[PDB]
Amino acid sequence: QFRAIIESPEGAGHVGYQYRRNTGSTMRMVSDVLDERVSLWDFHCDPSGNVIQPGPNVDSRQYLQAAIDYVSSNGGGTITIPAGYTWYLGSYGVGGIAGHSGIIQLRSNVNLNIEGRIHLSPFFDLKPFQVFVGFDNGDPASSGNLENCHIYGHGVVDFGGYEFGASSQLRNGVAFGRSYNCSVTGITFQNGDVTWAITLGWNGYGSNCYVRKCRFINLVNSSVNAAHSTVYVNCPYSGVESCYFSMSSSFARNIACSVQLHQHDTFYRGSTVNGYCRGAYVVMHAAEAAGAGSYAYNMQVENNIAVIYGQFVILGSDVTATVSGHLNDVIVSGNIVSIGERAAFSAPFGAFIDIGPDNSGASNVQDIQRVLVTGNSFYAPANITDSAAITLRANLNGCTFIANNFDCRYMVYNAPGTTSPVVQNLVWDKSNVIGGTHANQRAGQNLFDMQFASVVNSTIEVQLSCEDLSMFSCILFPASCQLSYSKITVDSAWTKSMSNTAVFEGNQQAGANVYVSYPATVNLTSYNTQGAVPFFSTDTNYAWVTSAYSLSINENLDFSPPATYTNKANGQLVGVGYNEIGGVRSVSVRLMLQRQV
């Protein structure tokens, strides 16, 4: 009778409750209060309704999906994945997520509070998988949206350590899909060989998706893995903050990137990276331009800490047959980055910023401009030949450097004979501090190695802070690089003993709208007259010089060379010195040569 009802599954539905014995409160039943929360245990049961304990020999997938499906049908809620248990997944999902090698299908308004651990069983060894998928169709173009889905807690997603079976396979933790107001917070992703841990958005469809306070640990482990980017941000108004990324595999030093920022109004801030090849790509792929336009703008990489083996930030933009991608309005600021201990040339070329070619190697498709790199530090150990503040390997329409501290082998670099980028609006302000770790290492090398097709509307203000007499020059332009409407200066400090300071192998510093200054040694000879007397250079390669002035003391009593010099049409320098007593004088002086500055 009553006893039967009480012991039945409807029993709690018969036991009355009123909150805190408050006579103003609702007269409820116990079941109503229990129904305010929901866990995996409410679906983790056999066909007779008996609870099943999780474990390595139990496949929890169908139970978790049934939980998600049911809570979705009531307008959403939060399913707890209980602490103190490991929940194994041991089969693929069915329906719209099967095209994505999906395990679990996420649904709108259904949050997951992961307190325990979710592990992959060895069914997945050597196979593709995406553990949580928010697409609802195998074809992403035909997918509905995922909205208001949050995964959070103190728990763990463990990928079982399994290697990839083939390089062409894809593996992911969370693919939110066409995702609006979705987020992952607090979760540890660990122990795998995967392509991505989390992907946000799809080809610009989505908004307001975030990854916050998550850990990603040891997510590459094999030579089969083609590539890895821990978070791929493929919708606007989205980003990554306060996360921790670590790899230990040798392969990760060559293939793994922490973040991809691929749509406008996206950010990467406050995070720590160790053991990765790359920090972040900031890219507009034409192939990804469907949902949010063809421009990646308002891109922010700030206040991160990194030890990487390749490049910290990589910029790109590219084209398809019918769409052109553009990258502009970027800020890279406050980051403290180093190339980890490694041999020269043992990983991809070390760089703070890389202007990279497209995925096919094309360097003449990019449209990258209005970038600001400010207030960052970069260090590479002295042996790492392949380290640069910027490797400028594809067409650049602008990039501005102010008030950074770069301590590596090169400042600006591109390999000769390779690509010949067209460079516009490259600005290197004098407030960039050039470190001394690589002093004495630079035999045969140019600190600024301007291996470009052409440079226009650019500024390079070189300022040393210590000597490095091993370098061939501070800045060199090969004769193949056109230079125009530019300002190139070499501050004299720490340069007195340098054989070459600025080198223009095509004599490009003569251009009508080139503004330069740099130190040089010049031999002069005077006329014999007592009194005010001209001094003239012996060499005739100064027809471009607008003024010069002495950087040398005068050890003579009986005369003095000119303090300042102009030129003559034959290319000599000329200035008026003073012979206290007459005689032809011959001196070698260090001058600051100036053109239009």
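One-based numbering along the sequence shown.
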Of 398-406 and 357-365, the stretch with the higher mean C-alpha B-factor in the deposited entry is 357-365
If you take the mean CA temperature factor per stretch, which one wins between 90-98 and 372-380?
90-98
The largest CA temperature factor among 425, 451, 473, 294 is found at 294
Which is it among 429, 136, 386, 505: the one with the largest CA B-factor in the entry?
136
Sorting the chain's modelled residues by C-alpha B-factor and splitting them into thirds places residue 458 in the lowest
Sort the modelled residues of this chain by their C-alpha B factor and say whether residue 117 lands in the lowest, middle or highest third.
highest
Going by what the PDB entry lists, where does residue 70 fall on CA B-factor within its chain: lowest, middle or highest third?
highest
How does the C-alpha B factor of residue 6 compare with the rest of the chain: lowest, middle or highest third?
highest
Lowest, middle or highest third - CA B-factor, residue 587
middle
